[PDB]
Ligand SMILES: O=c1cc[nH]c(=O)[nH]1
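Here we start with a single chain on its own, the form solved without uracil (URA), put down as structure tokens.
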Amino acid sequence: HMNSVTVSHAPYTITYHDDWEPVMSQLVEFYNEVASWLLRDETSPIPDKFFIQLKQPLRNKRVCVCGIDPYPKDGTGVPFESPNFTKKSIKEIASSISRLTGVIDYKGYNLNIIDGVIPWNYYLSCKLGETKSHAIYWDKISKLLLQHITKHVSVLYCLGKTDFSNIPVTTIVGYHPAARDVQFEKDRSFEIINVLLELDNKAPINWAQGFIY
């Protein structure tokens, strides 16, 4: 199931699932053009992690949960993943899911271990410490990959109203996870995903699967 393509700059080899095959030669061509600009500075995540989410299948995904880019520091290549459960966003996502499910004891949360969910970063890197600082480099790669994801998923969930302003599927644009005074709005946005899936005759997400105990 796993394929690989050579590129001219680090990480030099991109591995990917069968499902991503239709976009890869355009991706290679796009990445070769812009890589030098991306590798000039220290990035989150590291270059060897940029494309790690391409190993994930798409034909079994119903929901894309999408942020604008990785954490300014300590990105792993897996969107929202925080191994020591310290990043504000994934903590706030975990809180919402706790209130939506009744699960209160947990040590962590990961969106990447939930059946039918692909967590996604629209831009695949940032300059270390600076949010959206690599928007111009990922531009066309970002369109290409997002376009391909929305061919598989039934619901696209974007996080951050001001974050997304950049270029025909069911879509909710919610608040950033770390946004203030919108706890109720945040909680019930997650809840509407499963409603929209049922009305689309798809199976709901078991969001509790995300918890780490």
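One-based numbering along the sequence shown.
(message) What does the record say about the segment between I167 and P168: how many deposited residues are without coordinates (none, 1 to 3, 4 to 9, 10 or more)?
(response) Gap size class: 4 to 9 residues without coordinates, per the record.
Checklist entry - Mean C-alpha B factor from the entry: is it higher for 13-21 or for 194-202? => result The stretch with the larger average C-alpha B-factor is 194-202.
Discussion item. Using only C-alpha atoms and the B-factors in the entry, which stretch averages higher, 141-149 or 172-180?
Written reply: Higher mean C-alpha B-factor in the PDB entry: 172-180.
*For the C-alpha B-factor as written in the entry, point me to the maximum among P119, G116, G77, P83.*
The C-alpha B-factor peaks, among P119, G116, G77, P83, at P83.
Test of reading the entry: by CA B factor among the chain's modelled residues, which third contains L54? Lowest third - that is where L54 ends up once the chain's C-alpha B-factors are sorted.
Comparing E33 with the other modelled residues of its chain, is its CA B-factor in the lowest, middle or highest third? Top third by C-alpha B-factor.
Fill in: CA B-factor placement of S133, once the chain's modelled residues are sorted into thirds
Highest third, going by the recorded CA B-factors of the chain.
Where does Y106 sit by CA temperature factor within its chain: lowest, middle or highest third? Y106: CA B-factor falls in the highest third of its chain.
Exercise. Among the modelled residues of its chain, does the C-alpha B-factor of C64 lie in the lowest, middle or highest third?
Worked result: Lowest third, going by the recorded CA B-factors of the chain.
Below, we refer to the form solved in complex with uracil (URA), which is not included among the displayed structures.
Margin query: Can you tell me which of 62-70, 32-40, 140-148, 183-191 lies within 4.5 Å of uracil (URA) in the bound PDB entry, counting heavy atoms only?
Written below: It is 62-70 that comes within 4.5 Å of the partner.
Q) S98, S133, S89, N112: which sits within 4.5 Å of uracil (URA) in the bound PDB entry by any heavy atom? A) Residue within 4.5 Å of the partner: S89.
query = Which pick from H152, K49, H176, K55 sits with a heavy atom within 4.5 Å of uracil (URA) in the bound PDB entry?
reply = Checking each option against uracil (URA) in the bound PDB entry, the one that comes within 4.5 Å is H176.
### Query
Is there a heavy atom of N121 lying 4.5 Å or less from a heavy atom of uracil (URA) in the bound PDB entry?
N121 belongs to the contact set for uracil (URA).
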